[PDB]
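Data first, discussion second: the structure below is written as structure tokens.
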Amino acid sequence: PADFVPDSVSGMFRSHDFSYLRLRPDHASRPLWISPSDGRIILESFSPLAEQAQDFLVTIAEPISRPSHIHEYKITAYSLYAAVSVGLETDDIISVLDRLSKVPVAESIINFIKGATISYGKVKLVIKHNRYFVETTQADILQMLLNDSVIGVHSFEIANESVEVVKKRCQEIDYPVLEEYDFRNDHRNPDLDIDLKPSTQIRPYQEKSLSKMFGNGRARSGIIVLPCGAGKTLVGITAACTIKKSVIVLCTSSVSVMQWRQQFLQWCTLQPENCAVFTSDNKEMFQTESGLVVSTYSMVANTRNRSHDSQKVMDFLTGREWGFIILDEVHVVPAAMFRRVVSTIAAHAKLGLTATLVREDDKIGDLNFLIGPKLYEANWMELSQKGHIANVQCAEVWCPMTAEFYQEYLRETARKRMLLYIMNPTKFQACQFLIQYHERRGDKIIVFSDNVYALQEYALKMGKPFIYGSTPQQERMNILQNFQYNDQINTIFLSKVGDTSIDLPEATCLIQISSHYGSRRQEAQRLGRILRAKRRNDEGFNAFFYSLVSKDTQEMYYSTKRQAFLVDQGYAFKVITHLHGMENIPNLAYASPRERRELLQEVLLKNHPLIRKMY
Amino acid sequence: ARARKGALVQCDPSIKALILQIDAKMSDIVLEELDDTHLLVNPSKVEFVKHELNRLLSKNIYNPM
Ligand SMILES: Nc1ncnc2c1ncn2[C@@H]1O[C@H](COP(=O)(O)OP(=O)(O)O)[C@@H](O)[C@H]1O
Ligand code: BEF
Ligand SMILES: [Mg+2]
């Protein structure tokens with residue numbers, strides 16, 4: 001910025017005007033605009049070289065928003081820390097960035113890439129007989145690691161519990177660690193000969209995700225992000241079948257754990273004898289040399305009280321040195337206690353599978369030193385238009401609160417106000433109308449509700465099965481199977497338990513009456529239930545995702561906030577003020593004021609052995 | 001035969017209840033209740049109830065930074 005006259009409208013751009021630089025003669029072809037200050041990248045997806053950059057940008061920059069035409073990425077330290085791992089140096093990143101940019105890359109951006117791209121590749125953490133050695137390939141590192149204030153060809157031991165400290169410490173100091181596994185040369189660990197049976201059909205994006213992991217030939221530890229229903233289960237299965245070592249799977253549910261074993265058996269040649277499911281029901285472990293364990297965090301992250309039956313199994317898990325860990329729904333591993341499993345369980349390779357990589361707190365970044373960087377990410381609309389996932393017409397219905405209920409909403413406190421605007425009669429009518437309309441269309445509907453009292457009230461009013469946390473594993477499984485194959489039961493009423501990791505290929509429509517505040521992830525996870533609908537390729541098919549919200553209430557504040565992630569992916573919510581043909585339905589719940597008054601008060605009121613014969 | 005100057009407020013139940021709450025806190029707001037969709041309000045408070053109501057409704061709207 002030298003000898004560059006400002007424009008009369010430059011005031012509207014507060015230090016954001018980037019006209020001080022000039023445009024290159026080949027602007028019409030190059031698709032990228034680069035922000036010299038914020039690091040943002042504007043990508044033209046409708047110009048040549050668009051595809052060549054849509055993958056290069058995903059590696060070095062995390063995606064902010066990827067709408068139809070103009071994509072918006074951003075370069076940050078973590079995104080570079082993700083790209084630095086898979087055989088990428090500063091020169092390649094700078095060369096391509098300049099080659100794809102309509103404007104020259106500013107010095108500030110070049111400085112940022114130079115700083116973080118040189119750290120990778122000088123410290124290696126290895127495991128031997130449940131003993132962790134921080135092995136380094138050069139002697140000079142001893143004067144750095146052994147002299148570090150936090151720490152404590154040359155290789156030295158380190159406490160197993162202390163891994164989570166040194167790995168984070170390595171980030172602050174110049175060299176961060178990488179967890180690479182040369183399973184080809186590992187003979188001490190007994191192998192497991194399992195392979196994908198010929199019937200399998202590895203989809204392109206699945207191959208791309210695996211290539212980003214096995215590109216060099218040694219398995220890299222990291223995270224793979226694919227849209228809901230994209231087939232993350234087969235991605236993990238393929239990784240297990242190519243490493244060919246004892247593997248353990250952690251999944252955050254009992255229904256989901258059952259799903260994994262059935263999927264593992266179906267897609268590859270894993271013999272049933274070598275599979276053991278460690279859930280609350282059965283705790284037997286495989287005694288064969290090499291096998292597979294599919295368990296859950298609650299059954300593996302517990303610290304204080306373990307039963308005798310569950311204590312032998314945990315020792316069995318800890319004693320052996322596993323070769324691969326699959327963390328399904330890895331957005332929950334950085335929690336206060338779940339992260340402990342990543343340290344206790346010994347493994348040379350760690351993989352994370354999650355459709356959503358977001359959490360309300362700042363602990364999302366902790367994944368970097370727990371399991372490694374983010375290897376691959378996939379767009380949602382791209383897979384939608386290719387027939388891999390279903391298309392959904394997202395909608396947001398505005399049920400205006402009736403006069404009678406609304407008056408109480410003003411006086412009542414925050415905690416009870418929630419139950420008040422979840423049970424307004426208009427929502428009952430809208431849900432009843434939509435359910436009848438879509439059932440006539442031969443659709444399988446799911447009605448989510450984080451609030452259990454409303455869930456039961458809706459279910460008993462409409463005579464439909466419902467599932468919530470107190471349900472024994474079998475009964476909810478029986479409900480799930482019936483909903484899938486029984487033609488009479490077209491709809492169910494799920495709760496927070498079914499928010500994630502439950503697969504219903506038949507579900508096509510989706511409704512939600514309650515919500516867990518402002519969480520953006522729950523909306524996406526819930527939408528995932530219908531993104532894998534079986535008939536997602538017949539002409540003109542469109543799944544549905546309704547969101548009933550009371551107007552002039554705090555729910556709209558959370559609704560416009562809990563769909564900020566789907567908008568970034570590309571989904572657009574449509575406002576529905578009124579459902580045509582809703583009045584002519586024969587009978588609607590709470591159509592008379594008497595019933596409305598009764599419901600209002602009902603919800604408002606919610607807040608010596610011989611003496612044995614004597615008795 | 002009696003005229004009374006004022007402002008005729010036409011609105012919906014939700015706005016009506018909010019105006020009543022504002023009137024309860026500040027008495028002079030509402031001069032008379034006409035029907036479930038009409039209120040007679042003090043002329044001086046028209047510019048104040050209109051401005052105050054928007055502030056109250058701002059809580060229900062999520063403005064991102
Ligand atoms: N390559 C594939 N061939 C056939 N079906 C597949 C394939 N990949 C995924 N699926 C199907 O997609 C659905 C969702 O798979 P799942 O692993 O549960 O997805 P995610 O874990 O990403 O939500 C299942 O019905 C599964 O069988
Ligand atoms: F993302 Be899936 F529904 F496990
Ligand atoms: Mg899954």
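All residue names refer to the structure tokens as shown: chains lettered A, B, ... in order, residues numbered from 1 in each chain, ligands numbered from 1 in order.
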Residue contacts of stretch 18-27 of chain B (10 Å, only C-alpha atoms) excluding same-chain residues fewer than 6 positions away, as an mmCIF file with C-alpha atoms, in the first residue's frame:
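File written: part_38.cif
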```
data_model
loop_
_atom_site.group_PDB
_atom_site.id
_atom_site.type_symbol
_atom_site.label_atom_id
_atom_site.label_comp_id
_atom_site.auth_asym_id
_atom_site.auth_seq_id
_atom_site.Cartn_x
_atom_site.Cartn_y
_atom_site.Cartn_z
ATOM 1 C CA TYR A 406 -48.980 -16.184 26.083
ATOM 2 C CA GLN A 407 -50.133 -14.134 29.030
ATOM 3 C CA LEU A 410 -44.750 -12.936 30.562
ATOM 4 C CA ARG A 411 -44.914 -13.537 34.321
ATOM 5 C CA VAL B 9 -53.598 0.947 18.655
ATOM 6 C CA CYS B 11 -52.437 -5.143 17.006
ATOM 7 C CA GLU B 33 -59.609 -1.375 26.197
ATOM 8 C CA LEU B 39 -56.537 -0.232 22.433
ATOM 9 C CA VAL B 41 -53.472 4.774 24.368
ATOM 10 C CA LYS B 45 -46.885 7.419 25.160
ATOM 11 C CA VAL B 49 -44.677 2.228 23.791
ATOM 12 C CA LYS B 50 -43.718 1.759 20.138
ATOM 13 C CA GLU B 52 -40.206 0.212 24.269
ATOM 14 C CA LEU B 53 -41.972 -2.772 22.691
ATOM 15 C CA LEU B 56 -38.654 -6.098 24.627
ATOM 16 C CA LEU B 57 -39.025 -8.078 21.395
#
```
Define the interface residues of chain B facing chain A as those within 8 Å, counting only C-alpha atoms, and report them as an mmCIF file with C-alpha atoms, in the first residue's frame.
```cif
data_model
loop_
_atom_site.group_PDB
_atom_site.id
_atom_site.type_symbol
_atom_site.label_atom_id
_atom_site.label_comp_id
_atom_site.auth_asym_id
_atom_site.auth_seq_id
_atom_site.Cartn_x
_atom_site.Cartn_y
_atom_site.Cartn_z
ATOM 1 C CA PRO B 13 -52.982 -10.776 21.053
ATOM 2 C CA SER B 14 -49.224 -10.972 21.607
ATOM 3 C CA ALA B 17 -50.507 -8.484 26.192
ATOM 4 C CA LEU B 57 -39.025 -8.078 21.395
ATOM 5 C CA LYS B 59 -34.706 -10.503 23.340
ATOM 6 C CA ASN B 60 -36.571 -13.047 21.190
ATOM 7 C CA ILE B 61 -34.429 -12.275 18.107
ATOM 8 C CA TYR B 62 -30.904 -13.669 17.713
#
```
Please check which protein, DNA or RNA residues sit within 9 Å of ligand 3, counting only C-alpha atoms and all ligand atoms, and write them as an mmCIF file with C-alpha atoms, in the first residue's frame.
```cif
data_model
loop_
_atom_site.group_PDB
_atom_site.id
_atom_site.type_symbol
_atom_site.label_atom_id
_atom_site.label_comp_id
_atom_site.auth_asym_id
_atom_site.auth_seq_id
_atom_site.Cartn_x
_atom_site.Cartn_y
_atom_site.Cartn_z
ATOM 1 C CA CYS A 228 -24.561 -37.709 8.327
ATOM 2 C CA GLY A 229 -25.288 -41.006 6.607
ATOM 3 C CA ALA A 230 -22.286 -40.722 4.278
ATOM 4 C CA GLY A 231 -20.932 -44.109 5.380
ATOM 5 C CA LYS A 232 -18.432 -43.328 8.125
ATOM 6 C CA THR A 233 -18.932 -46.870 9.438
ATOM 7 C CA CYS A 251 -19.436 -45.550 20.480
ATOM 8 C CA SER A 256 -25.313 -47.628 18.203
ATOM 9 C CA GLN A 259 -25.289 -51.183 15.010
ATOM 10 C CA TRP A 260 -21.510 -51.262 14.666
ATOM 11 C CA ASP A 328 -17.308 -42.741 16.736
ATOM 12 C CA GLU A 329 -18.875 -39.348 17.435
ATOM 13 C CA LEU A 353 -15.493 -40.251 12.903
ATOM 14 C CA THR A 354 -18.099 -37.511 13.264
ATOM 15 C CA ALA A 355 -20.518 -35.689 10.991
ATOM 16 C CA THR A 500 -27.082 -39.159 17.108
ATOM 17 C CA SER A 501 -25.749 -42.488 15.828
ATOM 18 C CA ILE A 502 -29.094 -44.253 15.217
ATOM 19 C CA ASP A 503 -29.573 -45.463 11.642
#
```
Requested in this report: Mind checking which residues fall within 8 Å of residue A:320, counting only C-alpha atoms, ignoring those fewer than 5 positions away in the same chain, and posting them as a count of residues only?
Outcome: 3
Query - Every residue of stretch 160-257 of chain A that DSSP places in alpha helix (DSSP H), as an MDAnalysis selection string - result: chainID A and resid 163:172 204:214 232:243 254:257
Query raised in the report: Tell me, which residues of stretch 310-452 of chain A carry DSSP strand (DSSP E or B), written as a ChimeraX atom specification?
Result: /A:324-328,350-354,374-377,392-400,445-448
Query - B:30, B:2, B:63, B:48 ranked by distance to residue B:16, top pick (using only C-alpha atoms) - result: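 Nearest to residue B:16: B:30.
The shortest atom-to-atom distance to ligand 2, with only C-alpha atoms and all ligand atoms taken into account, belongs to A:525 out of A:424, A:512, A:525, A:8.
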Query - Nearest candidate to residue B:8 (options B:40, B:46, B:29, B:65; using only C-alpha atoms) - result: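 Of B:40, B:46, B:29, B:65, the one nearest residue B:8, counting only C-alpha atoms, is B:40.
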Report task. Select, from A:213, A:275, A:418, A:268, the residue with the minimum atom-to-atom distance to ligand 1, counting only C-alpha atoms and all ligand atoms. Result ->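 Using only C-alpha atoms and all ligand atoms, the shortest distance to ligand 1 belongs to A:268.
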Query raised in the report: Suppose you want the space between atom 9 (C, counted along the ligand's line) of ligand 1 and atom CA of residue A:208; what is it in Å?
Result: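 Rounded to one decimal, the two atoms are 14.6 Å apart.
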